[PDB]
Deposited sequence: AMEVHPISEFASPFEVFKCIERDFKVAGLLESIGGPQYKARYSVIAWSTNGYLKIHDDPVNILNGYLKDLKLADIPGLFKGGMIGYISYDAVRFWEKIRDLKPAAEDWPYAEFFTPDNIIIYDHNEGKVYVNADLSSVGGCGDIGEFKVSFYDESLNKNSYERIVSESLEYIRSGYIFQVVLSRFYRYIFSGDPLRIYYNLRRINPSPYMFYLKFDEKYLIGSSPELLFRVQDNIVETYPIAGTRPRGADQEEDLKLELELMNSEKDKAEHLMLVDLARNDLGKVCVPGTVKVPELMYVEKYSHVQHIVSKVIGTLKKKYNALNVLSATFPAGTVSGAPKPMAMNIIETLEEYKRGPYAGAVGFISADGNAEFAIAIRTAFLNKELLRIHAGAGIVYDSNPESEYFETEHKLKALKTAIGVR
């Protein structure tokens, strides 16, 4: 049964989670950096090998709703593999997987703990014997295993992909590469590092027995709240400002970037299109168009795209309609995904997929599964990509992925 406590007399998210994560085969921690969710099931999970939309759909009716604050009032948490898009679009099946990942894995919490930071209250609907007491985060040591597409290999597919762009078969396509490491230790360590270096509103740690998704998502795929869908296309990056001055000079670099705006416009149009598949005609709007969003480290051009979901639709329909994000695939999306299957060496698996929840009240939220570490049995994979365009430099693009991976390398302790 339920008990609200003072955040002050409780432990903290990570603290209470150490114990839970180590005690159960299935558990997860979601953190906004507003709310913190700790949830785990005592009955195992759902391994989806079929169309996730169909499968998940049959679990929505019996979902018990919890009396807690936040968009998630009970329901199911899990991830959608990037390859789940194969059920929703025609994509060549040429390459093999890096590791074996079901199309999606979800679970419905038997116990939930919600931290309402803004209110100093933690809601505990859980059968908890002790609160914590499991010692500190263990060490986590890795050792390089392999890499998929070194500098010149990646550089050449970027060159290949460029022909398609010149010919007019894509405007932009995202090509990615990865490093895999074998490991030993406490994976919690990875999250600890991520929360530290790259905090974000989309922090997550999902443990599905032998598999893990530990990341700090930089972008939200979509959100559904009381039948209104919203997504925020992001494009263009600039570091924050030394002063209230150097800051504006950067923010204005974005504002004047003919290039960064063009890519953003396309993403917005792509976003309005995907919402267009399930929203009521005339409701898809862009309330806030091309505004610079300032983050604790960088800043990007951002837009707010919303729409009203048709009554005949689900959050699952929003998922399939928006998946995978334009920023992790390309445009035109169908072509781009096929070109990706053509150029990359392995099927992406959870990478570039999405992770989030379906509330028992129909509300939902899914973040893009990037800037994330995917652990599957003996292997751990850090994956990143760069969006290629008509005048993209193969080498510059290589480095964007290197730069992106450096962060994950750090989070995992390689540096």
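Could you please spell out the deposited residue ranges that have no C-alpha entry in the coordinates?
-> According to the record, the single gap falls at 34-40.
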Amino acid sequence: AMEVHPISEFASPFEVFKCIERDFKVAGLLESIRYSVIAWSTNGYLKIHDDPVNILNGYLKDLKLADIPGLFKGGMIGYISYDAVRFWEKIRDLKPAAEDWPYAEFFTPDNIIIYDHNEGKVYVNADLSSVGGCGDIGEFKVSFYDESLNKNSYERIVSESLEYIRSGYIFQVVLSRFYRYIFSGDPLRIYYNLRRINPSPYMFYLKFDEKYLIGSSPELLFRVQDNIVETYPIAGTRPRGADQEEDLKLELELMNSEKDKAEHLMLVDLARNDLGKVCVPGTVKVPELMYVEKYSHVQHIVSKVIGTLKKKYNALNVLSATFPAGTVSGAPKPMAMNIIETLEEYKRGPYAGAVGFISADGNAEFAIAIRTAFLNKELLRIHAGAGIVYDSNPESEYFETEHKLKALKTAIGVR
From here on, numbers count along this sequence of modelled residues.
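State which stretch shows the higher mean Cα B factor in the entry: 380-388 or 59-67.
-> Stretch with the greater average CA B-factor: 59-67.
Is the mean CA B factor in the deposited entry higher across 223-231 or across 236-244?
-> Mean B over CA atoms: larger for 236-244.
Return the residue from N317, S329, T308, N150 that has the highest Cα B-factor in the entry.
-> Comparing C-alpha B-factors across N317, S329, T308, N150, the maximum falls on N150.
According to the deposited entry, which of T322, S296, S81, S303 has the largest Cα B-factor?
-> In the PDB entry, the greatest C-alpha B-factor among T322, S296, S81, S303 is found at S296.
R196, C-alpha B-factor rank within chain (lowest, middle or highest third) | For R196, whose C-alpha B-factor we compare with every modelled residue in the chain, the answer is the highest third.
Which third of the chain holds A407 when residues are ordered by C-alpha B factor: lowest, middle or highest?
-> Ranked within chain, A407 CA B lands in the middle tercile.
Select lowest, middle or highest to describe the third in which the CA B-factor of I33 falls within its chain in this entry.
-> CA B-factor rank for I33: highest third.
Within this chain, which third does the Cα B-factor at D51 fall in: lowest, middle or highest?
-> Answer is middle: the recorded C-alpha B-factor places it there.
Comparing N125 with the other modelled residues of its chain, is its CA B-factor in the lowest, middle or highest third?
-> Highest third of the chain for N125's C-alpha B-factor.
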